[PDB]
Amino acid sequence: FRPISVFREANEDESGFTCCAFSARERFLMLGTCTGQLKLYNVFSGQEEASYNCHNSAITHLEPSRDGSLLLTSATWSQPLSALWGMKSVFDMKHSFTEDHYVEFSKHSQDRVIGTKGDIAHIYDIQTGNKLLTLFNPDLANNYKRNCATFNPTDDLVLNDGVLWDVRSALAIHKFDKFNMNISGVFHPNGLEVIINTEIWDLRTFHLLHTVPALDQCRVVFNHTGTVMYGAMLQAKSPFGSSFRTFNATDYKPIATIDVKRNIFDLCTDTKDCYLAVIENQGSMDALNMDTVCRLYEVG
C-alpha cells in the first residue's frame, strides 16, 4: 500500500466526503458528501470537476452502472431516501426509492435495482421504475441491524437478512443461522460461496467451509477481478473504525491489516484493481464539522 494521492473537498472550511466509487473514466472518482452532494474529482490533483445536489441529507452510498449511464445514491434522512440518476448528457433523476436506505444494481445484466428497507428487499425494473418483487418472510427474518439486500453474480439469487431467495420463483430457499447482530452477508463473485460475518458457507451444500475471525463486524467489498476481499469493521458518527483488512478471495488467508489511525467512511478500487481509495476522517465524532480526506493507495 503506497500512498499516491490525498485530497479534501474543495474550498470548505470542513471536508464532507462520506463515500466514493470510481466512474468509467479512470482518473475520476465520484464522492458523496454530508450535504448530499455528488462530486467528481481528479484523484491525482484533487481538482473538483463537477457537483450535483442529490439529497438534502448526507450520502451513505453510491454505485455507478458499468456502462457509465446511471447512478444509485442512498442518503441518511431524506424522502426519498435512495434514487437512480441518469448521467448521459444531463444529470437528472430517473426514479426514487422512497424508504430504501440501501440500493444496488443487478450484476450480470444491469436492468434491475434491489433496495433494502429494514428487513425487507424490493426489486425494481430500471426502465419503468416499477416494484417487481417484495422479499420478506417474518418467520425467517434475522433482523440484522445493518441488513443490506444483494443479488448474486447471475442475478437469480438474493441474500436478504440472512435468507437466500430464488428470484425466478420468489421463494426462500434457506435461512442461514444468526451468529451476530449486524452483518447480513454478501455473495462471493465465484457464485458458489456466501460470506456472512465470520462464516463462509457453500451455496451448493450449505456446509461451513471457513471461519474468518478477522472478518467479524466487517462490510466486505471485492476487487473487480474477484481475487481480493477488503473489510472495514463497524465501531462500538462513521459506521467504521480506523483499520481495514485484506484477504485472498480464493483461500481467505489474511494478506494485510492497515490501521490508518482515522475512522473510515468508505473504500473502493478502480476497475483495473491498481488503486484503493479510502475516505478517512481526521476529526473525531465529537467535532463540530466532519473533516474527511480521500486517500489513494497503489496496492502492495
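Under this definition, the rigid core comprises the largest set of C-alpha atoms superposing within 1.5 Å between the forms. Numbers follow the displayed sequence, beginning with 1.
- Using the rigid core as the fitting frame, the root mean square C-alpha deviation in 4 other deposited structures of this protein is greater for 226-234 than for the other of 226-234 and 141-149.
- The gap between residue 236 and residue 237 holds 10 or more unmodelled residues of the deposited sequence.
- The mean Cα B-factor in the deposited entry runs higher for 221-229 than for the other of 144-152 and 221-229.
- Checked against the record, the higher mean CA B factor of 16-24 and 280-288 lies with 280-288.
- Across 158, 196, 133, 93, the greatest Cα temperature factor reported in the deposited entry is at 133.
- Going by the entry's values, 257 shows the largest Cα B-factor out of 257, 65, 60, 37.
- Residue-level temperature factors show residue 50 in the middle third of its chain, judged at the C-alpha atom.
- Sorting the modelled residues of the chain by their CA temperature factor places residue 101 in the lowest third.
- The PDB entry assigns residue 87 a C-alpha temperature factor belonging to the highest third of its chain's modelled residues.
- Compared with the other modelled residues of the chain, the Cα B-factor recorded for residue 113 ranks in the lowest third.
- Sorting the modelled residues of the chain by their CA temperature factor places residue 138 in the highest third.
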